[PDB]
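A.B. asks: Sequence, then structure. It's an experimental one.
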Amino acid sequence: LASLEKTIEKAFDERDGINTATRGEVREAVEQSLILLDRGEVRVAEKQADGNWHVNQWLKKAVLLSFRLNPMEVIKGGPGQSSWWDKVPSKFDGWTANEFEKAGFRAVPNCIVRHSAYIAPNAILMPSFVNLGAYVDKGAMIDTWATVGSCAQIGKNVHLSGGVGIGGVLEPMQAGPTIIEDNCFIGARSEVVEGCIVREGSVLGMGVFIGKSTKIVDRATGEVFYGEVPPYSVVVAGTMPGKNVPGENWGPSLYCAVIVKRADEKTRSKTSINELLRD
Amino acid sequence: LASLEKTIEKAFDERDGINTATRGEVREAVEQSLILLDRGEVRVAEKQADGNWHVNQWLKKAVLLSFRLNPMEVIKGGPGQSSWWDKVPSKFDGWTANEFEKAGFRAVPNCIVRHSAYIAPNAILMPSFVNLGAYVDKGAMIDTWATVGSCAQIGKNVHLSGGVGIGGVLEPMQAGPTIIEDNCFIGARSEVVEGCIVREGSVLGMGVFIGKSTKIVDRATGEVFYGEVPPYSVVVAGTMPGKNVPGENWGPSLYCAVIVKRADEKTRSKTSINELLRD
Amino acid sequence: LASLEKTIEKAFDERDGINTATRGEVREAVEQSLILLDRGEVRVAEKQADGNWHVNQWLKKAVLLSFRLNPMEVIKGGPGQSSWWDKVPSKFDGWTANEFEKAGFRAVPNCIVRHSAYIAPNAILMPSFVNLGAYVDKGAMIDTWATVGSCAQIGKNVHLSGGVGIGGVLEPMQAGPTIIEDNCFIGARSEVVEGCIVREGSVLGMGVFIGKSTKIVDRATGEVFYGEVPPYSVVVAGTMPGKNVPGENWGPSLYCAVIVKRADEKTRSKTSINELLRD
């Protein structure tokens, strides 16, 4: 909403005089904004026709203001009646059956979700962590000890396997968040970080580690590129040869991600994940 | 027990009329069955003389019925008196010192174990997750942020190192669970999934990722195979060369597991893990 | 303090008659010692001029005595009012705002820290695990599902990325703990274990797995070594070629860590992590 956006933009440029004691329109707009984020009714980044993802910067600014509005406090519920110390509440703070019923996702103990992360109906949260401003769309599977970092956009039917980490991107304002598009399968122990994008229907194997510094290599040609996995890619862990050692015909090889197949919606629908990864 | 098995088989074929309101013999048999699973008095898969693992399908059917019998509910105990939302209780629900004394394992906060997973005496659960129907045998070490997936069979004295994930296998009925046999050491960040089997006394290094699609390669010959690590194997992360790039003598290499040594009970008893992995 | 050290040394050699019922000077000295560890006023290992790390063995002995002094007990606070079963209390046991205020670190639910681990001001604990006797120095970032193992020494401004595990070293007495020196960046999914040392200002990429058995390889020469990353190293995941298969010119390659750059304080200050890892 246009009024909220206006209040947040002005407030953020005046943020040095926003603090735990602030009330009025600024506290209300920031509060409302994070509520809208929590319900997925607005999102940090959205895909345009043009097929690219655009940042809604005012939403990152709302999140940043909430740090100023909200105090560090003792947060009960640790082992032996002990406590934590932080300034971000659980998404599930005060939730009863009414709220869980309405949201329609599964939240397995002891998963952690911070307020302002949207979890869509039919998502399954195994013990895992979903950070501020994230958007986890319908039917997503967030497996054990996975992580959905700040502002991260996780598509419909995405499977984040055990120990998969999707890196957070809050600051800078302009910086696009990490994006896993609709219907990707991401194998166990993989990491995608730093505003990298995995396009729709891709299949990553285990131990695929993509950040802004990772060579993503075309199997056919050796073409090296960064930051983006094309649609319907099959990507596995591998290496590229390095310089040979003085006077010898061999050297160490270095990690890269390897695109082993550039497939198809049709093919993805006709071919199992394991078939894709095997032959 | 034979009566329980009979009640469960009939109930499972009639499962569409089993729900949270079901009581009588069906609720009792399912309940008893999961209790027997929780105590390790029965198990999802067992090793036969013949040396292979056989699925007790009725036990998978009991677990699947329990989803129908048990409601989604608000589960207290999250941060700031917040709650979770799921239909599987903690193994430790209502446990006092009597139950922990009898079971004889160590449960470090904030590990999570779902009811129907057997944890044997002298096991150590660091913060970790053990899923339904798992069987964790005597003296097993389940290190921090490890995962023991549904129905997984973990042998005596097995060491699952930090961040090691053992994949769950519930459906299909016939599908064998992931099996780590007696006295295996599994190095940090490794994953074994999808009904793959690591045979007795094997030593896996760090980042060894075995699923049904992973090439497990014999170091001596290049022989490629799938799904099973032989007894007393020493297995490390590696690669195999791919196709060379157009007109060149080189190409990218792809991840595989590499069997670097096919050893011995004697040798495993005489040789340290690090010695095995080093030379 | 010299008196404490004396009481602990004598007690440890008499440890077979120390138990949950022990009181007097032995209970008090062990208690005080772990309190000093918890506050970082003493540490398990310290860097000498001479530039090497020396073990304070009496502190490892205090920790080991505390196992004898402290009983297994039911520890409340699990899901659905369920409990854990262990003999080590949370660092945060009984902590109010006074204690968190004084310590000055951030403790995000649901991180776990055992009593006797020092967390310095301005550290940030995401959901993670810090074990006994660890020393986490000022401004350290402990990301989600990271692990700081027993006695581990983590330097000032160190960034342990998602899923990074730093291995614990309690016994043997003489064994030096795992050490990450000041200003290291450790990329996601990496593991450093077993008393290995990463020297000051080093940058490890994702999936760098260093233990006592891991070949750490010099990119320029192929020089293979173990246990120590030199200062201002840039280290990435890679491989070294193995024996070729019978009669062929090729074979499988095996995992190693690769030092790709031996840099500089100046260079580290002038060059971003991603620049260092990229070119």
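C.D. replies: On my side now, so go ahead. Numbering: from 1, shown residues only, chains lettered A, B, ... in the order given.
A.B. asks: Residues of the stretch 151-279 of chain A that sit close to chain B?
C.D. replies: For the stretch 151-279 of chain A, the contact set with chain B under Cβ under 8 Å from any Cβ of the partner chain comprises A:162-163, A:187-189, A:205-207, A:217, A:219-222, A:236-241, A:253, A:256, A:258, A:260, A:273-274, A:277-278. For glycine as for every other residue, the C-beta is placed from the backbone atoms N, C-alpha and C.
A.B. asks: let's see 6 Å
C.D. replies: A:162-163, A:188-189, A:206-207, A:217, A:219, A:221-222, A:236-241, A:258, A:274, A:277-278 (Cβ under 6 Å from any Cβ of the partner chain).
A.B. asks: At which residues are the helices of the stretch 51-200 of chain A located?
C.D. replies: In the stretch 51-200 of chain A, the segments counted as helices under DSSP state H, counting those that start in this stretch are A:57-69, A:97-103.
A.B. asks: Take those helices and write them to JSON lines, including distance to residue B:7 and mean neighbour count.
C.D. replies: Output for these, formatted as JSON lines (distance: least, Cβ to Cβ, whole Å; neighbours: other Cβ atoms under 10 Å in any protein chain shown):
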{"stretch": "helix A:57-69", "distance to residue B:7": "54", "mean neighbour count": "21"}
{"stretch": "helix A:97-103", "distance to residue B:7": "32", "mean neighbour count": "14"}
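A.B. asks: Could you export those as JSON lines, including distance to chain B?
C.D. replies: Shown next, in JSON lines, are these (distance: least, Cβ to the nearest Cβ, whole Å):
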{"stretch": "helix A:57-69", "distance to chain B": "16"}
{"stretch": "helix A:97-103", "distance to chain B": "4"}
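A.B. asks: Can you say which of the ones you listed is nearest to residue C:103?
C.D. replies: With Cβ to Cβ, the closest approach to residue C:103 among the helices of the stretch 51-200 of chain A belongs to helix A:57-69: 19.8 Å.
A.B. asks: Mind exporting the C-alpha coordinates of the closest one to PDB?
C.D. replies: The C-alpha atoms that make up helix A:57-69 are tabulated as PDB, following Å, rounded to 0.1, in the frame of the first residue of the first chain:
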ATOM      1  CA  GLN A  57      13.400  -1.600  -1.300                       C
ATOM      2  CA  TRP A  58      10.900   0.000   1.100                       C
ATOM      3  CA  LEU A  59      10.200  -3.500   2.500                       C
ATOM      4  CA  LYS A  60      13.900  -3.900   3.300                       C
ATOM      5  CA  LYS A  61      13.700  -0.500   4.900                       C
ATOM      6  CA  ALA A  62      10.700  -1.600   7.100                       C
ATOM      7  CA  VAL A  63      12.700  -4.600   8.300                       C
ATOM      8  CA  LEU A  64      15.800  -2.400   9.100                       C
ATOM      9  CA  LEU A  65      13.500   0.100  11.000                       C
ATOM     10  CA  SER A  66      12.100  -2.800  13.100                       C
ATOM     11  CA  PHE A  67      15.600  -3.300  14.500                       C
ATOM     12  CA  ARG A  68      15.400   0.200  15.900                       C
ATOM     13  CA  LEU A  69      11.900  -0.100  17.100                       C
END
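A.B. asks: sorry, back to before: now narrow the residues of the stretch 151-279 of chain A next to chain B to whatever sits close to chain C.
C.D. replies: residue A:239.
A.B. asks: which bits of the stretch 101-250 of chain A sit near chain C?
C.D. replies: Residues of the stretch 101-250 of chain A lying near chain C (Cβ under 6 Å from any Cβ): A:109, A:112, A:129, A:145, A:147, A:165, A:191, A:209, A:212-213, A:239, A:245, A:250.
A.B. asks: Show me the domain layout of chain A.
C.D. replies: A:1-70, A:89-264 (curated CATH domains).
A.B. asks: With distance to residue B:3 added, can I get the helices of the stretch 51-200 of chain A in CSV?
C.D. replies: Listed next are the helices of the stretch 51-200 of chain A as CSV, based on distance: least, Cβ to Cβ, whole Å:
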stretch, distance to residue B:3
helix A:57-69, 58
helix A:97-103, 37
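A.B. asks: and the stretch 1-150 of chain A, which of its residues are near chain B?
C.D. replies: Going by Cβ under 6 Å from any Cβ, the residues of the stretch 1-150 of chain A near chain B are A:75-77, A:79, A:90, A:92-93, A:97, A:100, A:106-110, A:127, A:144-145.
A.B. asks: Now, the residues of the stretch 151-279 of chain A next to chain B that are in helices?
C.D. replies: Among these, the members found in helices (DSSP state H) are A:274, A:277, A:278.
A.B. asks: By neighbour count, which of these wins?
C.D. replies: residue A:277 (22 neighbours; other Cβ atoms under 10 Å in any protein chain shown).
A.B. asks: Do I have it right that that residue meets residue A:208?
C.D. replies: No. Applying Cβ atoms under 6 Å as the test, residue A:277 and residue A:208 come out as separate, 10.7 Å apart.
A.B. asks: so residue A:30 is in which element?
C.D. replies: Assigned by DSSP states H and E, residue A:30 falls within helix A:24-38.
A.B. asks: mind listing what's buried in that helix?
C.D. replies: Residues of helix A:24-38 classed as buried: A:26, A:27, A:29, A:30, A:32, A:33, A:34, A:36, A:37, A:38 (neighbour count, 16 or more other Cβ atoms under 10 Å in any protein chain shown).
A.B. asks: Which SSE is immediately downstream of it?
C.D. replies: By DSSP H and E, the next helix or strand past helix A:24-38 is strand A:45-47.
A.B. asks: packing partners for that next one?
C.D. replies: Judged by 3 or more Cβ pairs under 6 Å, 6 or more residues apart in numbering or on different chains; DSSP states H and E, the packing partners of strand A:45-47 are strand A:53-55.
A.B. asks: The strand it packs on: partners in the sheet, and parallel or antiparallel?
C.D. replies: Using DSSP bridges, strand A:53-55 pairs in its sheet with strand A:45-47 (antiparallel).
A.B. asks: Please list all residues in contact with residue A:212.
C.D. replies: Contact partners of residue A:212, counting by Cβ atoms under 6 Å, 6 or more residues apart in numbering or on different chains, are A:194, A:227, C:274.
A.B. asks: Against residue C:12, how distant is the last one?
C.D. replies: Spatial separation of residue C:274 from residue C:12 under the definition Cβ to Cβ, to the nearest Å is 48 Å.
A.B. asks: now do the first one
C.D. replies: Counting by Cβ to Cβ, the separation of residue A:194 from residue C:12 is 48 Å.
A.B. asks: if we can go back for a sec, now go through the residues of the stretch 1-150 of chain A next to chain B and say which are in strands.
C.D. replies: Secondary structure assignment by DSSP state E places A:75, A:76, A:106, A:107 of these in strands.
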